[PDB]
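Report on the following structure.
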Amino acid sequence: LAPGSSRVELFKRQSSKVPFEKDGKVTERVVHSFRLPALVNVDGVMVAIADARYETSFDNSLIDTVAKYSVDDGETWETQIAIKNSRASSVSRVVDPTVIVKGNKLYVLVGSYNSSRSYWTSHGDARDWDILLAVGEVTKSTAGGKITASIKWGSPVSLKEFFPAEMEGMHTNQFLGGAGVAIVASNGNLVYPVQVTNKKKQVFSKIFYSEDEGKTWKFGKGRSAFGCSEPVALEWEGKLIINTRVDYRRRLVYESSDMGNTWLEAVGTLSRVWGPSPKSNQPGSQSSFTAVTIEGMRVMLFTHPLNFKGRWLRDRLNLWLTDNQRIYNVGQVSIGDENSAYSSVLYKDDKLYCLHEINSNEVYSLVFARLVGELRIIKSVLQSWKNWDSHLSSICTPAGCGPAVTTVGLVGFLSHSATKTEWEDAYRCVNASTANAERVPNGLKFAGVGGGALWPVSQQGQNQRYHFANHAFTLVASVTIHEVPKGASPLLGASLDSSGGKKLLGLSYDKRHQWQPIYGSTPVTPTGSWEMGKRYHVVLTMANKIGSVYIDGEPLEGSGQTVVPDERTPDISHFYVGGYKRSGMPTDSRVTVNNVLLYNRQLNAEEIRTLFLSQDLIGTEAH
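UniProt numbering puts the sequence shown at residues 33 to 431, 441 to 664.
This is how it looks when you write it as C-alpha cells:
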C-alpha cells in the first residue's frame, strides 16, 4: 500500500454481521468470510458488494450476497443482504455476484446453487444451478440536513430462459458472471462477461448482454478459448476488452467490436501480459479491470495478485495502469506478504479506492483502502505520458511542417535520462539495464566486451509488458559506430534467447563496413555500407511474422523475410542495444545509440520517413 494510502478492515471476517433472513425472521449473523469484492459508485453512493460466506470460506457453502453502502466516501457504511440464497440446504448459495451500475440501479448477477458440495465446474449437469439477476435501486435523500441513501433490492429473477441448450460445437451446462464489476456499454447495453461450462466440463467466456435494461438477454456468438474463466470486461474505443483468468497460464485478453459476436485475442496490447504467479504455473485470480478518465486521459486500471506463494494463496495484490500502449506497475496495493487475491478498484470524484480480500488461514476479510499514494503515482505517470506525447507530437518536422512524429502505439523511449546502470524509459514503464555505457546527449555510448543495453521483453518476468512484440513491433534508434569491429558486432535487435545469439531480428555491422541485418535464422547477407562517425537512423519492423530493417528510412536487402516459422509464436527475451550486454558474448561494439523508440505495431512508410527526418529533434535532453 503506497505511502499516504490507508485502509480499514471493512468486511471483517468472524466479526462483521449481516442481516440473515430465514423463514421470515431476520437475525444479525456473524459471517466467517467475505470474498468476491465489487466496489462501485452509484450516483454518488459507494456500494461494496461481496459474498457473505457465513460458516466457512469453502466455495460450496452457505453464502448470501452482502452489500454495504456509504454516502461519505467510505467513512461509514450501512449493511444489507442484497440477495439471499434459496435456503434449500445447509450449503445453498448465491455466488460470484457481478455488478453493473446504470443510472441509479445496481444489476447483480449471481449463480444460485441449492445443495451441491462440489465445485460448479465439476458438475456434469445443471441440476443444482440457476442464474439470477437482482436489481437494487439507490435513492438519495436529505431528510435531516444530511445526505442519506437507501437501496431497495428486488427479488431475483432467473435468466435461465436465456441460456441456449447448445452453443456451436457444445451442449451448455452452467454459467456465472465473471465476478466483480461489469459495465454499461456506450450504446446503453448491460454487458456481463460470463464464464460458461459445457457438458464436457470445459470452461469458456462469453458476452451476455441486454438491450432492454435487463428484461431479456442474449449471448454474443463468439467465445474465448477454453480454460478462460472469471472474465472481466471494459469498453475501450468502441470495443469490449475482455480480460480473462486462465489457471496455470498467462491471462488471455480479447477484443470484440460486436457485442461478443467475434472475439480476437488482444495480442498487440494486453493479452498474455499478466502472469498469475512468477512462473505463471499457479491458479489465477479475479481481477478488477476498469476504464476511467484521470486528468483528462482515458486509461485502464487492472489488479491481480502476484502469488509468489503459489496455489490459491495469491499474495501481493498489484495495481497496473495502462493507456492500451504503455503498461505501468503502480505497485502493491496489499500489505507485506499477506494473501490478497480478489479486488475491486473504484475511481470516484478524483479519489481512488480499492476493496480487496485478505486471507489468513482461509478466513477472509475485505479491506477498504484509500489509494492516495497510488493515485499520486498514477497522475505523475500520466503527466509524463501526456507530456512526452505532446512533446513529440508538437515537433515541427522537416518539410511549413511535415507530418507529425507519430505517438500512436509508442510504448517506450530510451533517450537522455540514464543512471550508471540503467537507461530510463521516458514513459516510465520499462528501463533498460546497461553495461560499459557512458552518458551522451539523448543516449549512451558503449564500448568493450559485455557492453550494451538490455531492454527486457520476456525477461520482464511474471508480467510482460512488451509481449506485443512477439506479434508486431517497430524498434527505432539513431546510431553511430566509432570503431571498425574485428568481425560482425551487434547494434540493435530483438533476441529470442538470453544471450542474444538466437535473434528474431537485428542489425549488426561488420569489418567490411557493411550492415548485417539479421532476419531470424536466415543466413546473414551483409549489405550496404556505413562510415565511422556518421550517424544513421535504424528501424527494425516486424509484423505478420516478417522482419525488415531500414537504414536512413530505406529498407535494407533481405527485408521482407520471415523471422518466425509459421507454426509458433516467438518469445522474445529482450531487445539488445549498442551491444549484447553479455560479457560472455565475444563482440565489442563501440557505438553510440540515441533515442530508442519502441512501437507496438509496424510503422508505415510515412511514419518511418518522419522519424528519420526528425532524428535531431526528438530527444528528451532539453525537456
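Even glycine gets a Cβ: it sits at the ideal position worked out from N, Cα and C.
Residue pairing by DSSP places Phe52 opposite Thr59 in a beta bridge.
CA-CA distance, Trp295 to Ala476, rounds to 43 Å. Relative to the Cα of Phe400, the nearest Cα in the group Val377, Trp420, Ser570, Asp382 belongs to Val377.
Less than 7 Å separates the beta-carbon of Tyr396 from that of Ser65. Note on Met78: 16 or more other CB atoms within 10 angstroms of its CB, so buried under the neighbour-count rule.
Considering only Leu658, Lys575, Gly625, the residue with the shortest C-alpha distance to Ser456 is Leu658. Unbroken alpha helix (DSSP H) stretches of 4 residues or longer found wholly inside the region 564–605: none. Here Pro558 is near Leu597, since their CB atoms are less than 7 Å apart. Judged by pairs of C-beta atoms under 8 Å, the region 559–575 does not touch the region 457–464, as fewer than three such pairs exist.
Around the beta-carbon of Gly599, 16 or more other beta-carbon atoms lie within 10 Å, marking it buried. Counting only the Cα atoms, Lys383 lies some 32 Å from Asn393.
Assignment of beta strand (DSSP E) within the region 53–137, counting only whole runs of 3 or more residues, yields 57–62, 65–74, 77–85, 95–102, 110–115, 125–134 in chain order. Note that the C-beta distance between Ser289 and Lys311 is not below 7 Å. If the five residues before and after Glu662 are omitted, its C-beta is found closer than 6 Å to the C-beta atoms of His457, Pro482, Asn483, all from its own chain and listed in chain order. About 20 Å separates the beta carbons of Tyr286 and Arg358, which is beyond the 8 Å limit, so they are not a contact pair. Closest in alpha carbon position to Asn419, among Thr448, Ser150, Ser366, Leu533, is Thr448. Here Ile179 is not near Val170, since their CB atoms are 7 Å or more apart. For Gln415, there is no enclosing beta strand (DSSP E); the enclosing alpha helix (DSSP H) covers residues 404–426. Between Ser655 and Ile427, the C-beta gap is smaller than 7 Å, which places the two residues in contact.
Scanning its chain for C-beta atoms nearer than 6 Å, with the 5 sequence neighbours on each side dropped, one finds around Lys341 the residues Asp347, in chain order. Where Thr515 is concerned, the enclosing beta strand (DSSP E) starts and stops at 513–522. In the DSSP assignment, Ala323 falls within the unbroken beta strand (DSSP E) covering 321–326.
Looking at the DSSP output, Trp556 bridges to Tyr550, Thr568.
Using a Cβ distance threshold of 7 Å, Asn350 and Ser309 do not count as a contacting pair. Around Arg408, the same chain offers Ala34, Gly36 as residues with beta carbons nearer than 8 Å, after the five sequence neighbours per side are excluded.
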